[PDB]
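So the structure is just underneath, and the comments pick up after that.
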Amino acid sequence: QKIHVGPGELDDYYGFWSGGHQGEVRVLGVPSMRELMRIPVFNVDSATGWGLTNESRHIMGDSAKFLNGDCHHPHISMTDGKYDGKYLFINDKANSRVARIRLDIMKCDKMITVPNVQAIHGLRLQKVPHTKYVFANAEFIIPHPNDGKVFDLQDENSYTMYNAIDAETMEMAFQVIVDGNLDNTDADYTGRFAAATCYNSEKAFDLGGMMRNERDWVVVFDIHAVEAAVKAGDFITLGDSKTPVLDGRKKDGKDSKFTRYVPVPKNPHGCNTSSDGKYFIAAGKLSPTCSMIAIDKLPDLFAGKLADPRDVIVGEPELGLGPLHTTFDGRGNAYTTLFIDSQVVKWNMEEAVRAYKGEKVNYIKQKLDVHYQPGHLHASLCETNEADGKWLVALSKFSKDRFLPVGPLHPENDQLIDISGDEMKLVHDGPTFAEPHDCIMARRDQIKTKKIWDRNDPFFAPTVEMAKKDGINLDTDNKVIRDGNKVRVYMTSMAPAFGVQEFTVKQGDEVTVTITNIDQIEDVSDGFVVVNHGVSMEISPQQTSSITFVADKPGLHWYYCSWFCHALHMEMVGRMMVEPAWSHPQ
Amino acid sequence: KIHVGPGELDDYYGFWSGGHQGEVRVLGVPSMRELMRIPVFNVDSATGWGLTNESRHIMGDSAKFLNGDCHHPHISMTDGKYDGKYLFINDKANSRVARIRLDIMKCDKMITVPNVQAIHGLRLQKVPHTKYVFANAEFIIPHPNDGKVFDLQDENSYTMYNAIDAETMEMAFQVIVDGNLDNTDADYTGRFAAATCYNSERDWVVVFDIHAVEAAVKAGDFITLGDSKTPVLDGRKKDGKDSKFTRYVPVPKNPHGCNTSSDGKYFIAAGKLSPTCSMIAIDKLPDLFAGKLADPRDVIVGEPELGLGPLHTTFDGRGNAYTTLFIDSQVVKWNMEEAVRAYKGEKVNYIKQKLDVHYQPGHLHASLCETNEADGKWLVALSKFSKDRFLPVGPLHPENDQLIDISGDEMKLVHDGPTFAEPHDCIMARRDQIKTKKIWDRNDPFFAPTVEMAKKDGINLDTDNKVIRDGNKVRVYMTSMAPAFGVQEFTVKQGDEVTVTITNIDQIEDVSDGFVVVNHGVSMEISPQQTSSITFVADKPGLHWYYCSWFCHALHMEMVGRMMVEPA
Ligand code: CUZ
Ligand code: CUA
Ligand code: CUA
Ligand SMILES: [Ca+2]
Ligand SMILES: [Cl-]
Ligand SMILES: [Cl-]
Ligand SMILES: [K+]
Ligand code: NA
Ligand code: NA
Ligand SMILES: [Zn+2]
Ligand SMILES: [Zn+2]
């Protein structure tokens with residue numbers, strides 16, 4: 058297996074890294090581990106204007122007021138248990154959002170603030186028959202309503218909820234109230250079942266309180282039951298949200314139609330569906346184990362055919378100190394991070410299952426040291442029935458001395474590991490900024506990107522409609538529209554000339570500049586910066602982009618093209634002239 | 059030798075401009091891996107730069123801008139060698155210069171350059187040390203720019219060359235020039251600096279007699295512009311008569327790069343539209359300013375013909391120059407002293423090799439090239455169009471930063487490094503030239519204004535966990551020690567303005583903490599022994615969780631707290 062990609066060779070896989078609390082998504086080539094692109098999501102990006110442009114702020118909605126995000130869990134949409142390359146979804150723990158990225162244009166095209174919850178953490182996608190739902194955990198228990206009269210987490214109306222978002226429309230589909238809280242989640246290979254770990258069955262707010270119970274659980278959701286209750290109108294709504302809300306709590310020990318609670322030690326964390334569809338595997342964290350839930354026993358469990366919820370557990374291998382996450386090679390082996398022991402442990406799932414039946418067998422095949430304190434790990438195509446067993450990335454949280462010193466803040470260490478054979482081999486240390494938690498890999502042939510925009514792309518269709526109200530044809534027009542104290546500049550750009558090279562406004566005018574890059578050539582992006590006004594954005598071929606700012610300073614103000622485009626790139630410039638307020642009314 | 063395997067360390071630091079994204083990036087060389095991001099003009103969700111009170115204090119009023127446009131990173135020097143103290147960088151978008159402290163890898167000072175638009179070219183005094191940062195303002199504007207005069211040919215429409223005091227990060231002086239400024243460099247004595255100029271067959275490089283500028287400032291022979299106290303000197307020609315501060319050397323044509331050879335002999339201006347570089351002999355500049363030379367062209371001692379679109383030049387310390395050819399898409403290696411002999415008319419081929427790069431190179435940078443220790447080992451060429459060199463990633467493409475081995479007689483291409491938002495230029499330093507702190511100093515100036523605020527409240531930041539009430543303002547102070555915040559709950563009134571100040575009292579390297587207030591747009595870093603603070607308004611009643619964002623401990627998910635907001 059080639060590990061080094063020389064000049065002129067291409068990577069074999071795409072990698073999509075979460076940006077952690079930096080808030081973006083990063084596109085890597087694997088196995089070189091080089092960053093090919095950054096996709097802004099919850100961050101404000103100076104380069105492309107994401108968070109400054111009207112198109113990006115329209116997608117972010119009211120949450121455009123936040124300049125931060127905290128993303129952990131990127132996942133690729135699936136059809137019949139295989140990646141289909143349409144969408145990537147990712148969470149925001151900081152401001153309780155889910156974002157969707159279109160993989161053809163490599164941009165965030167949709168974003169939703171999940172109603173009536175705090176902190177979207179766990180996120181994964183339905184696998185079968187396709188990604189109809191995005192499943193997302195809200196991690197923190199809050200009052201309902203959270204109006205400041207009740208603060209107690211033990212009140213009967215304090216809880217968190219499991220969230221399902223319609224993947225295609227990016228509107229809420231339903232929410233399920235749960236006992237305890239929610240950490241990570243995954244889905245089966247049928248569409249009926251999803252599952253989430255819980256670490257706060259105690260509903261506590263202190264460290265000792267959250268660690269009291271010897272077992273918390275993984276809560277299993279019967280999605281067919283949930284959908285059936287929605288179609289029946291058997292639901293409530295919270296606050297001003299019309300989202301159907303179903304109650305998955307136990308009441309006096311009697312189970313809900315929608316959930317079952319499988320006791321699992323202890324503050325369990327990762328929740329990972331094996332690629333053969335046989336198991337939900339929960340990592341025991343404070344317990345030196347993983348618990349293997351047999352998905353084929355779940356129908357009977359929900360049908361009352363088992364006496365004890367623990368009867369769906371068919372394995373609980375002892376692996377080492379601080380198991381956090383598990384991934385799969387598609388050869389029947391699982392790979393789990395040990396945060397405390399600072400290792401990845403390779404183990405055989407079927408042999409673990411036989412040991413749980415008392416058959417003394419050594420299911421542990423290898424422990425590999427990693428550097429240091431691994432969190433997530435990801436094997437290539439592990440989330441699909443095509444899991445290919447070639448590459449493994451372990452994402453470690455302390456790099457210590459593995460890289461040159463760079464001051465008190467250190468990089469993370471995302472280590473590439475060859476698992477194509479019986480022996481795991483560490484091949485590359487990848488330093489990264491701001492804690493990627495998880496990543497996801499796709500084959501080169503599973504991702505198809507556009508090279509030039511379609512003029513009808515929904516990303517800027519609202520801007521096209523604004524232009525139409527002004528009688529503007531964006532592919533041709535270079536015009537300044539005046540409207541009271543609003544000025545709407547429309548121009549084409551064809552390097553090295555802006556189609557409008559100067560325009561005049563009154564001090565205090567609200568100026569919108571809309572630029573349509575009518576170039577037809579690949580890799581010729583234009584840019585637009587207004588000097589000393591905090592204005593910057595990208596305009597790629599056939600894209601329309603727009604930005605709005607106040608001309609608060611009298612005088613002459615230069616604008617220029619930022620994205621290098623030409624040998625005469627230094628000279629693609631223009632001038633905004635701002636007449637002083639004292640020469641105009643009031 | 060280019061492979062840095064697991065457990066092995068890079069030999070050099072690379073400091074990459076963040077381009078239109080606004081940050082500075084620290085790379086390991088030769089692996090070309092990104093070790094750290096240093097936020098400067100961008101708002102960084104991870105560390106809170108642009109959100110925290112410490113960062114917004116450094117940014118000043120320019121904290122209102124969320125963008126920057128970076129190009130030209132340079133490291134401070136003592137005796138013509140990197141001293142590892144500071145990195146400086148430009149902001150073309152909002153006309154700023156920022157200083158980065160290389161011991162903490164943070165931006166610690168920032169200035170908006172008065173009465174100019176767009177800081178682009180930037181380089182440092184070399185000798186006797188980096189007393190001044192020299193910065194080009196690119197665009198001609200009216201003076202004053204108050205909306206009465208828009209005419210760019212007006213006698214009071216011009217741009218200026220800028221000198222910033224490197225140590226105080228206050229303006230030192232400004233010099234009015236004819237034309238537009240492009241790039242700039244400085245000599246190895248401190249007397250001279252030079253810049254290419256591209257407005258008005272032939273443009274020029276303007277040479278500054280900094281000694282003459284300094285003498286005028288000290289005698290009070292200057293004006294000021296607007297409400298800035300910056301001394302302003304007039305370096306324009308007047309009725310064909312020269313300033314005492316400047317000489318204009320004719321150089322073809324729309325010249326671009328302006329690079330000082332590491333032997334100190336030449337300012338080398340890249341010809342761009344002319345397939346040449348022009349070599350200005352620095353040892354002839356005293357005679358030029360003394361009126362001893364018949365013609366400003368007499369300081370030109372070489373004009374090698376190199377190829378189509380020369381843009382920038384760097385040096386191996388062995389006597390060779392390396393120049394990017396933007397149109398031919400190559401790096402050309404040539405011998406400077408042989409070029410000088412050719413200019414006198416000898417038949418001698420000064421061109422040694424042309425190496426194809428991919429594609430359209432702009433800046434290039436050889437290791438230690440800006441110092442008299444230029445070591446001839448590594449060369450990075452930064453190319454604008456990566457085309458098919460990397461996997462496709464949609465309509466936007468990465469820059470291709472290519473690593474080239476120049477240690478022997480033949481340049482060898484060894485690595486293609488894709489980068490985001492057109493870094494444009496970079497600088498390298500030996501590992502042993504950079505010395506960084508493992509943990510913060512409690513007296514560090516970076517958070518000294520916060521320590522002062524704490525003092526007024528009677529707070530010992532190293533020990534206290536206290537909530538101060540002051541009208542509708544609430545100032546929370548706490549220590550943090552993974553996995554526990556020192557204040558785990560507090561209660562305020564709806565509408566209160568809450569400041570949270572956190573001191574990480576861990577002493578273990580790499581155990582950084584974070585602080586995020588859910589659904590309030592609040593995020594920041596607190597590394598070992600740092601104090602960080604952030605201010606927000608509690609505009610939502612109810613219970614609102616806060617949590618640690620930096621994975622710090624097996625119990626990281628559980629390092630949380632509660633803010634309770636009583637309805638108005
Ligand atoms: Cu958010 S948690 Cu193990 Cu995923 Cu990092
Ligand atoms: Cu268009 Cu530079
Ligand atoms: Cu403190 Cu994570
Ligand atoms: Ca628990
Ligand atoms: Cl997980
Ligand atoms: Cl230069
Ligand atoms: K870390
Ligand atoms: Na939305
Ligand atoms: Na300042
Ligand atoms: Zn440059
Ligand atoms: Zn240049």
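Chains B and A supply the protein sequences, listed in that same order. With the first letter of the first sequence counted as 1, position 236 gets the number 293 in PDB author numbering; the numbers rise by one all the way through. For reference, each letter of the second sequence is one residue, going 59 to 258, 271 to 638 in PDB author numbering. Even for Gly, the Cβ is constructed at its ideal location relative to N, Cα and C.
Span of the alpha helix (DSSP H), counted from its first residue to its last, around residue 520 of chain B: Translated into positions along the first sequence, residue 520 of chain B becomes position 463. Run containing residue 520 of chain B: 518-526, per the alpha helix (DSSP H) assignment.
Candidates A:307, A:315 and A:277: closest to residue 286 of chain A by CA position: Mapped onto the second sequence, residue 286 of chain A falls at position 216. Residue 286 of chain A has its Cα closest to that of A:315, out of A:307, A:315 and A:277.
Proximity to residue 83 of chain B [Cα-Cα], best of B:493, B:272 and B:243: On the first sequence, residue 83 of chain B is found 26 positions in, with the first residue counted as 1. The residue with the shortest Cα to Cα distance from residue 83 of chain B is B:493.
Minimum Cβ-Cβ distance from residue 256 of chain B to chain A less than 8 Å: Taking the first residue of the first sequence as 1, we reach residue 256 of chain B at position 199. Closer than 8 Å: yes.
Buried versus exposed, by CB contacts within 10 Å (16 or more), residue 74 of chain B: Residue numbering aside, residue 74 of chain B sits at position 17 when the first sequence is read from its first letter. Per the 10 Å Cβ criterion, buried.
Any heavy atom of ligand 10 nearer than 6 Å to the CB - residues listed: A:129, A:130, A:433, A:494 and A:495
Neighbouring residues, chain B, relative to residue 506 of chain A (Cβ below 7 Å): Residue numbering aside, residue 506 of chain A sits at position 436 when the second sequence is read from its first letter. Correct list: 462, 463 and 464.
Test: residue 558 of chain B CB closer than 8 Å to a CB of chain A: Translated into positions along the first sequence, residue 558 of chain B becomes position 501. Output row for residue 558 of chain B: interface = no.
Beta-carbon proximity of residue 169 of chain A to residue 227 of chain A, cut-off 8 Å: In the second sequence, counting from the first residue as 1, residue 169 of chain A sits at position 111. In the second sequence, counting from the first residue as 1, residue 227 of chain A sits at position 169. Contact flag set, yes.
Closer than 8 Å to chain A by CB, residue 635 of chain B: Here residue 635 of chain B refers to the residue found at position 578 when the first sequence is read from its first residue. Judged by the 8 Å Cβ criterion, residue 635 of chain B is in contact with chain A.
Range of the contiguous alpha helix (DSSP H) that encloses residue 612 of chain A: As a position in the second sequence, residue 612 of chain A is number 542, starting the count at 1. Per DSSP, residue 612 of chain A belongs to no alpha helix (DSSP H); it is in the beta strand (DSSP E), 612-617.
Distance cut-off 7 Å: residue 626 of chain B Cβ against heavy atoms of ligand 2: Sequence index remark: in the first sequence, residue 626 of chain B carries index 569 (1-based). Within the cutoff, so yes.
Distance CB(residue 124 of chain A)-CB(residue 250 of chain A) smaller than 8 Å: Against the second sequence, residue 124 of chain A aligns to sequence position 66. Against the second sequence, residue 250 of chain A aligns to sequence position 192. Going by C-beta atoms, residue 124 of chain A is not nearer than 8 Å to residue 250 of chain A.
Min CB distance residue 523 of chain A to chain B below 8 Å: As a first step, residue 523 of chain A is located in the second sequence; it is residue number 453 there, counting from the start. No, its Cβ sits nowhere closer than 8 Å to a Cβ of chain B.
Sequence ranges, alpha helix (DSSP H) only - wholly within the stretch 486-564 of chain A, length at least 4: Counting only runs of 4 or more, we get 518-526.
Sequence-distant residues of the same chain with beta carbon closer than 6 Å to residue 126 of chain B, five excluded per side: The residue labelled residue 126 of chain B in the question sits at position 69 within the first sequence. 80, 99, 149 and 151, listed in sequence order.
Nearest neighbour of residue 247 of chain A, chosen from A:584, A:334, A:96 and A:105 [CA to CA]: Your numbering for residue 247 of chain A matches position 189 in the second sequence. The shortest C-alpha separation from residue 247 of chain A is found at A:334.
Minimum C-alpha distance to residue 211 of chain B - residue among B:222, B:205 and B:199: Start at 1 with the first residue of the first sequence, and residue 211 of chain B comes out as number 154. Nearest of B:222, B:205 and B:199 to residue 211 of chain B, Cα basis: B:199.
CB contact below 8 Å: residue 567 of chain B versus chain A: What you label residue 567 of chain B is simply residue 510 of the first sequence in a count that begins at 1. No - not a single Cβ of chain A is within 8 Å of the one on residue 567 of chain B.
The stretch 579-591 of chain A contacting the stretch 481-501 of chain A, beta-carbon criterion three pairs below 8 Å: The stretch 579-591 of chain A is not in contact with the stretch 481-501 of chain A.
First and last residue of the uninterrupted beta strand (DSSP E) at residue 146 of chain B: For this step, residue 146 of chain B is matched to residue 89 along the first sequence. First-last of the beta strand (DSSP E) with residue 146 of chain B: 139-149.
Residue closest to residue 352 of chain B, alpha-carbon to alpha-carbon, out of B:341, B:366 and B:346: As a working note, residue 352 of chain B is residue 295 in the first sequence. Closest by alpha carbon: B:366.
Residue from B:370, B:440 and B:436 whose Cα sits closest to the Cα of residue 409 of chain B: As a first step, residue 409 of chain B is located in the first sequence; it is residue number 352 there, counting from the start. When only C-alpha atoms are compared, the closest one is B:370.
Beta bridge counterpart(s) of residue 294 of chain B as assigned by DSSP: Along the first sequence, read from residue 1 onward, the residue named residue 294 of chain B stands at position 237. In the DSSP assignment, no residue is bridged to residue 294 of chain B.
For residue 418 of chain B, the nearest candidate out of B:442, B:374, B:447 and B:203 (CA to CA): In the first sequence, residue 418 of chain B corresponds to position 361, counting from 1. Minimum Cα distance to residue 418 of chain B is reached at B:374.
First and last residue of the uninterrupted alpha helix (DSSP H) at residue 319 of chain B: Here residue 319 of chain B is taken as the residue at index 262 of the first sequence, counted from 1. Premise fails: residue 319 of chain B lies in the beta strand (DSSP E), 316-321, not in any alpha helix (DSSP H).
The stretch 329-345 of chain A touching the stretch 201-210 of chain A, judged by at least three CB pairs closer than 8 Å: no
Option nearest residue 440 of chain A by Cα separation, candidates A:274, A:628, A:428 and A:130: Residue numbering aside, residue 440 of chain A sits at position 370 when the second sequence is read from its first letter. Taking only the C-alpha atoms, the option nearest residue 440 of chain A is A:130.
Residue 229 of chain B beta carbon near ligand 8 (any heavy atom closer than 7 Å): Residue numbering aside, residue 229 of chain B sits at position 172 when the first sequence is read from its first letter. Checking every heavy atom of ligand 8 against the Cβ of residue 229 of chain B, none is found closer than 7 Å.
Entirely enclosed beta strand (DSSP E) segments - the stretch 142-226 of chain B, minimum 3 residues: At a cut-off of 3 residues, the continuous stretches assigned as beta strand (DSSP E) that sit fully inside the stretch 142-226 of chain B are 154-159, 164-170, 177-182, 190-195 and 215-223.
Residue 86 of chain A and residue 460 of chain B closer than 8 Å at C-beta: By one-based count along the second sequence, residue 86 of chain A stands at place 28. By one-based count along the first sequence, residue 460 of chain B stands at place 403. Yes, the Cβ-Cβ distance between residue 86 of chain A and residue 460 of chain B is below 8 Å.
Ligand 5 heavy atom lying under 7 Å from the CB of residue 487 of chain B: By one-based count along the first sequence, residue 487 of chain B stands at place 430. Taking the Cβ of residue 487 of chain B as the reference point, every heavy atom of ligand 5 lies at 7 Å or farther away.
Within 8 Å of chain A by C-beta, residues of the stretch 138-165 of chain B in sequence order: 150, 151, 152, 153, 161, 162, 163 and 164
Any non-hydrogen atom of ligand 3 closer than 7 Å to residue 620 of chain A Cβ: Taking the first residue of the second sequence as 1, we reach residue 620 of chain A at position 550. Under cutoff, so the answer is yes.
Given residue 563 of chain B as reference, the closest of B:92, B:540 and B:203 once Cα atoms are compared: Taking the first sequence and counting its residues from 1, the one referred to as residue 563 of chain B is at position 506. Closest by alpha carbon: B:540.
The stretch 418-434 of chain B in contact with the stretch 442-456 of chain B per 3-pair CB rule at 8 Å: Yes, they touch.
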